[PDB]
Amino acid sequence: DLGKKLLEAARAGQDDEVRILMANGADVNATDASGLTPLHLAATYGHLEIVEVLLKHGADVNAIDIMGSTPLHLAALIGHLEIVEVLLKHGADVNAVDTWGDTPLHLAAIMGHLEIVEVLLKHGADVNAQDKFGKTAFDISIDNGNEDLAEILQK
């Protein structure tokens, strides 16, 4: 079963192995026990070239694991800017919502990746989106006193 090997290759940034497995019939949309795809792991661990090859070979750019996380969620949390941009250029839902009610914008704000916050706003992220606690991205910037973030969010 080559899906487990694609999953490990995508996490470890092994470009060559990814290409070889896909050529031999590996399931690009295989999942681990939590529902993460190879795209999820490539986005999580910052392998930009693997993200791009997976997206040229039938990866669902909007797949969710059991927690509701999309690849875009994870890229925005970990702060992989170039991968955020590639995901948006290939159809990611900027306002996808996970089981905590978090959107990518919520996560990028919480973690302070201010360039990613700007990128997401410029692609239609919803500033009114509330997490399960009722908080919007702007609420986070006020309850944390992050004056740089609050400025960004007023545009």
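Residue numbers run from 1 along the displayed sequence.
Among the modelled residues of its chain, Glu49 has a C-alpha B-factor that falls in the highest third, as given in the PDB entry.
In the PDB entry, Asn128 places in the middle third of its chain by CA B-factor.
In the deposited entry, the Cα temperature factor of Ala23 places it in the middle third of its chain's modelled residues. Among the modelled residues of its chain, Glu115 has a C-alpha B-factor that falls in the middle third, as given in the PDB entry. Sort the modelled residues of the chain by CA B factor and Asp93 lands in the middle third.
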